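Shown next, in structure tokens, is the structure this report addresses.
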Amino acid sequence: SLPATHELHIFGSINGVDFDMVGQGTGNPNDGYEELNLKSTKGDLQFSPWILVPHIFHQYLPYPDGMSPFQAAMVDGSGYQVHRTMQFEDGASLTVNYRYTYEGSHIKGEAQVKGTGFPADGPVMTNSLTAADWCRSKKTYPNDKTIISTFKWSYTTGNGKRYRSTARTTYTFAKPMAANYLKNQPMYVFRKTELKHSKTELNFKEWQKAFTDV
């Protein structure tokens with residue numbers, strides 16, 4: 001059934017330096033809200049925690065006329081895997097692979113990240129990231145077991161300057177999606193992220209709304 005609570009183990013390397021975080025959260029699969037708390041299990045982070053946004057659960061995202069394909073693939077237990085690639089304007093790049101398991105309304109996420117190419121004088125490694133612009137995603141369905149989502153991303157720095165990226169995300173479903181979804185392409189989603197972060201800890205929130213060009 002539809003999720004209510006969730007945990008995430010997110011780990012890997014930024015610029016060849018390992019990191020690992022765990023924690024819990026909750027959300028509302030009826031209006032797309034997610035809260036997450038996470039803690040370092042190997043001490044201080046050596047990069048902007050903002051770099052983990054937005055990577056830190058589309059099972060919490062509803063569609064205009066019912067379940068999103070992600071909610072559907074959790075409810076029937078078939079599920080889906082995720083890969084995301086993101087390219088930064090300063091040549092950095094980042095990947096993330098997700099796997100989930102489901103226990104009633106509880107989700108367990110494993111997210112493995114590899115981030116490289118971040119200038120040492122750059123806002124990631126200087127920790128000069130303060131906020132995340134609103135972001136529009138475009139979702140398309142090239143066959144019945146795949147979705148592609150693409151978007152432009154932007155952080156605000158220290159000085160009111162902007163650090164950009166682009167992103168392509170690939171969802172791979174074990175069962176064919178329902179014909180419904182195939183018919184309303186593309187699906188857009190607007191999302192805002194908030195983040196409060198120490199060196200070891202952070203509280204994350206997301207707001208999400210799916211709409212067509214209708």
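In the structure tokens, the first chain shown is A, the next is B, and so on; residue numbers restart at 1 for each chain, and ligands run from 1 in the order shown.
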message = as a list in words, please: the residues near residue 132 in chain A (cut-off 9 Å, only C-alpha atoms, same-chain neighbours under 6 positions excluded).
response = residues 50, 53, 54, 153, 154, 155, 156, 192, 193, 194 and 195 of chain A
task = Enumerate as a ChimeraX atom specification all residues of range 7-80 of chain A assigned to strand (DSSP E) by DSSP on the backbone, naming them with the chain letters and numbers the document uses.
result = /A:7-14,17-28,33-40,62-63,66-67,80
Requested write-out: N, CA and C atoms of the selected residues, as a short mmCIF file (atom, residue, chain, number, x, y, z; two decimals), in the first residue's frame:
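Below is the file result.cif, written as the result:
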```
data_model
loop_
_atom_site.label_atom_id
_atom_site.label_comp_id
_atom_site.auth_asym_id
_atom_site.auth_seq_id
_atom_site.Cartn_x
_atom_site.Cartn_y
_atom_site.Cartn_z
N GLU A 7 13.34 5.06 5.09
CA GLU A 7 14.77 5.17 5.44
C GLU A 7 15.65 5.16 4.18
N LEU A 8 16.81 5.80 4.31
CA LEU A 8 17.81 5.92 3.22
C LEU A 8 19.19 5.68 3.80
N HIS A 9 19.92 4.78 3.13
CA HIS A 9 21.39 4.59 3.25
C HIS A 9 21.96 5.18 1.96
N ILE A 10 22.68 6.30 2.07
CA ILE A 10 23.28 6.99 0.89
C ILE A 10 24.79 7.05 1.12
N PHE A 11 25.64 6.65 0.16
CA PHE A 11 27.10 6.50 0.42
C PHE A 11 27.82 6.52 -0.90
N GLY A 12 29.16 6.54 -0.91
CA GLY A 12 29.99 6.50 -2.13
C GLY A 12 31.14 7.45 -2.00
N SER A 13 31.48 8.18 -3.05
CA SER A 13 32.67 9.04 -3.00
C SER A 13 32.31 10.36 -3.65
N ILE A 14 32.83 11.42 -3.09
CA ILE A 14 32.91 12.73 -3.77
C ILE A 14 34.40 13.01 -3.97
N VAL A 17 36.81 10.42 -2.15
CA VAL A 17 36.76 10.41 -0.66
C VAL A 17 35.40 9.81 -0.30
N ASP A 18 35.38 8.74 0.48
CA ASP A 18 34.15 7.97 0.80
C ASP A 18 33.28 8.83 1.72
N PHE A 19 32.01 8.49 1.90
CA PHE A 19 31.08 9.16 2.84
C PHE A 19 29.96 8.14 3.01
N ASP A 20 29.26 8.15 4.12
CA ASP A 20 28.14 7.21 4.29
C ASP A 20 27.22 7.93 5.24
N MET A 21 25.91 7.93 4.97
CA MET A 21 24.84 8.52 5.81
C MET A 21 23.64 7.55 5.89
N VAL A 22 22.93 7.54 7.04
CA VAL A 22 21.64 6.81 7.28
C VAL A 22 20.63 7.76 7.90
N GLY A 23 19.32 7.54 7.67
CA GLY A 23 18.31 8.12 8.57
C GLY A 23 16.88 7.82 8.19
N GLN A 24 15.95 8.43 8.88
CA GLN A 24 14.50 8.17 8.68
C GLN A 24 13.79 9.42 8.16
N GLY A 25 12.60 9.21 7.63
CA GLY A 25 11.67 10.24 7.19
C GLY A 25 10.29 9.71 6.96
N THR A 26 9.46 10.62 6.49
CA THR A 26 8.01 10.38 6.35
C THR A 26 7.60 11.22 5.16
N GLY A 27 6.38 11.01 4.69
CA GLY A 27 5.84 11.86 3.64
C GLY A 27 4.41 11.52 3.44
N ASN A 28 3.83 12.14 2.43
CA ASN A 28 2.39 12.13 2.18
C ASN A 28 2.20 11.87 0.69
N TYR A 33 4.66 15.55 -0.52
CA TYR A 33 5.59 15.95 0.55
C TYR A 33 6.36 14.77 1.16
N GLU A 34 7.66 15.05 1.39
CA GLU A 34 8.73 14.20 1.98
C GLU A 34 9.57 15.07 2.92
N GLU A 35 9.80 14.52 4.11
CA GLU A 35 10.79 14.93 5.09
C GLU A 35 11.74 13.77 5.28
N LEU A 36 13.03 14.10 5.36
CA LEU A 36 14.11 13.15 5.67
C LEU A 36 15.09 13.79 6.64
N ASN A 37 15.47 13.02 7.66
CA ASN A 37 16.67 13.30 8.50
C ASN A 37 17.78 12.26 8.22
N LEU A 38 19.04 12.70 8.03
CA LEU A 38 20.21 11.83 7.78
C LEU A 38 21.42 12.27 8.62
N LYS A 39 22.21 11.26 9.03
CA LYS A 39 23.46 11.44 9.85
C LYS A 39 24.65 10.69 9.24
N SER A 40 25.81 11.35 9.08
CA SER A 40 27.12 10.71 8.73
C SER A 40 27.41 9.53 9.67
N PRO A 62 2.05 11.54 -6.16
CA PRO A 62 0.82 11.16 -6.87
C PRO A 62 0.75 11.82 -8.26
N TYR A 63 -0.13 11.33 -9.13
CA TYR A 63 -0.41 11.87 -10.48
C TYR A 63 -1.74 12.59 -10.50
N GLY A 66 -4.55 9.67 -10.30
CA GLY A 66 -4.33 8.58 -9.34
C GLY A 66 -2.85 8.37 -9.16
N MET A 67 -2.50 7.13 -8.86
CA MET A 67 -1.13 6.71 -8.55
C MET A 67 -0.23 7.08 -9.69
N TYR A 80 10.82 -0.95 -9.20
CA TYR A 80 11.64 -0.26 -10.19
C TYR A 80 12.90 0.13 -9.47
#
```
task = Assign secondary structure with DSSP using the backbone only, and return the residues of range 26-192 of chain A in alpha helix (DSSP H) as an NGL selection string.
result = :A and (69-75 or 123-126 or 179-183)
Applying 6 Å and only C-alpha atoms, which residues near range 159-173 of chain A remain after dropping the ones on its own chain fewer than 2 positions away? List them as a tab-separated table (two decimals) with N, CA, C and O atoms, in the first residue's frame.
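The result, stored in part_30.tsv:
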```tsv
chain	number	residue	atom	x	y	z
A	79	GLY	N	7.88	-3.14	-8.52
A	79	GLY	CA	8.95	-2.14	-8.28
A	79	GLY	C	9.77	-1.68	-9.50
A	79	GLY	O	9.54	-2.07	-10.67
A	80	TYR	N	10.82	-0.95	-9.20
A	80	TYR	CA	11.64	-0.26	-10.19
A	80	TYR	C	12.90	0.13	-9.47
A	80	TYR	O	12.81	0.31	-8.24
A	81	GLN	N	13.94	0.27	-10.29
A	81	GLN	CA	15.32	0.69	-10.06
A	81	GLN	C	15.47	2.08	-10.68
A	81	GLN	O	14.74	2.39	-11.64
A	82	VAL	N	16.46	2.82	-10.21
A	82	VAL	CA	16.75	4.18	-10.73
A	82	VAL	C	18.26	4.32	-10.95
A	82	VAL	O	19.02	3.96	-10.05
A	83	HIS	N	18.62	4.94	-12.08
A	83	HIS	CA	19.91	5.59	-12.37
A	83	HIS	C	19.71	7.07	-12.72
A	83	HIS	O	18.83	7.42	-13.50
A	84	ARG	N	20.57	7.91	-12.20
A	84	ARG	CA	20.60	9.35	-12.54
A	84	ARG	C	22.04	9.80	-12.85
A	84	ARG	O	22.97	9.43	-12.13
A	85	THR	N	22.19	10.60	-13.90
A	85	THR	CA	23.45	11.26	-14.33
A	85	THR	C	23.18	12.75	-14.31
A	85	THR	O	22.14	13.16	-14.78
A	86	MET	N	24.16	13.51	-13.88
A	86	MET	CA	24.00	14.95	-13.74
A	86	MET	C	25.36	15.52	-14.13
A	86	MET	O	26.38	15.04	-13.55
A	87	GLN	N	25.36	16.50	-15.03
A	87	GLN	CA	26.57	17.21	-15.50
A	87	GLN	C	26.57	18.66	-14.97
A	87	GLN	O	25.53	19.31	-15.07
A	88	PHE	N	27.67	19.12	-14.39
A	88	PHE	CA	27.80	20.47	-13.80
A	88	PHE	C	28.45	21.37	-14.83
A	88	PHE	O	29.13	20.85	-15.74
A	89	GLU	N	28.18	22.67	-14.72
A	89	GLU	CA	28.69	23.68	-15.68
A	89	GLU	C	30.21	23.81	-15.50
A	89	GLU	O	30.85	24.26	-16.45
A	145	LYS	N	8.45	-0.22	-19.83
A	145	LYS	CA	9.18	-0.55	-18.59
A	145	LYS	C	10.15	0.57	-18.25
A	145	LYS	O	10.95	0.39	-17.32
A	146	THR	N	10.12	1.68	-18.99
A	146	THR	CA	11.11	2.74	-18.74
A	146	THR	C	10.41	4.07	-18.63
A	146	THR	O	9.42	4.25	-19.32
A	147	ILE	N	10.98	4.94	-17.81
A	147	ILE	CA	10.68	6.39	-17.83
A	147	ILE	C	12.02	7.09	-17.89
A	147	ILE	O	12.94	6.64	-17.22
A	148	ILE	N	12.07	8.14	-18.68
A	148	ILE	CA	13.14	9.17	-18.62
A	148	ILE	C	12.60	10.49	-18.06
A	148	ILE	O	11.62	11.06	-18.59
A	149	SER	N	13.30	11.02	-17.09
A	149	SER	CA	13.13	12.37	-16.51
A	149	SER	C	14.39	13.20	-16.74
A	149	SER	O	15.47	12.80	-16.24
A	150	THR	N	14.21	14.40	-17.28
A	150	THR	CA	15.32	15.36	-17.50
A	150	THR	C	14.99	16.69	-16.85
A	150	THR	O	13.81	17.08	-16.80
A	151	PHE	N	15.99	17.38	-16.38
A	151	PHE	CA	15.74	18.75	-15.88
A	151	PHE	C	17.03	19.54	-15.82
A	151	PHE	O	18.14	18.94	-15.80
A	152	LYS	N	16.84	20.84	-15.79
A	152	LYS	CA	17.91	21.82	-15.54
A	152	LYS	C	17.92	22.00	-14.02
A	152	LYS	O	16.84	22.05	-13.40
A	153	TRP	N	19.08	22.05	-13.40
A	153	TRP	CA	19.15	22.30	-11.94
A	153	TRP	C	19.94	23.57	-11.62
A	153	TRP	O	20.87	23.88	-12.33
A	154	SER	N	19.65	24.24	-10.50
A	154	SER	CA	20.45	25.41	-10.09
A	154	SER	C	20.54	25.54	-8.57
A	154	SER	O	19.52	25.61	-7.91
A	155	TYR	N	21.76	25.64	-8.02
A	155	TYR	CA	22.00	26.06	-6.61
A	155	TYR	C	22.31	27.55	-6.59
A	155	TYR	O	22.77	28.12	-7.59
A	156	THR	N	22.03	28.18	-5.46
A	156	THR	CA	22.52	29.55	-5.18
A	156	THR	C	23.81	29.35	-4.40
A	156	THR	O	23.83	28.47	-3.56
A	157	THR	N	24.82	30.16	-4.62
A	157	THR	CA	26.05	30.12	-3.79
A	157	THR	C	25.97	31.02	-2.56
A	157	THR	O	24.88	31.56	-2.27
A	175	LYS	N	7.63	-4.64	-14.01
A	175	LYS	CA	6.36	-4.90	-14.76
A	175	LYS	C	6.07	-3.76	-15.71
A	175	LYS	O	6.48	-2.63	-15.46
```
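The closest residue to residue 49 in chain A, picked from A:61, A:96, A:107, A:124 and counting only C-alpha atoms, is A:124.
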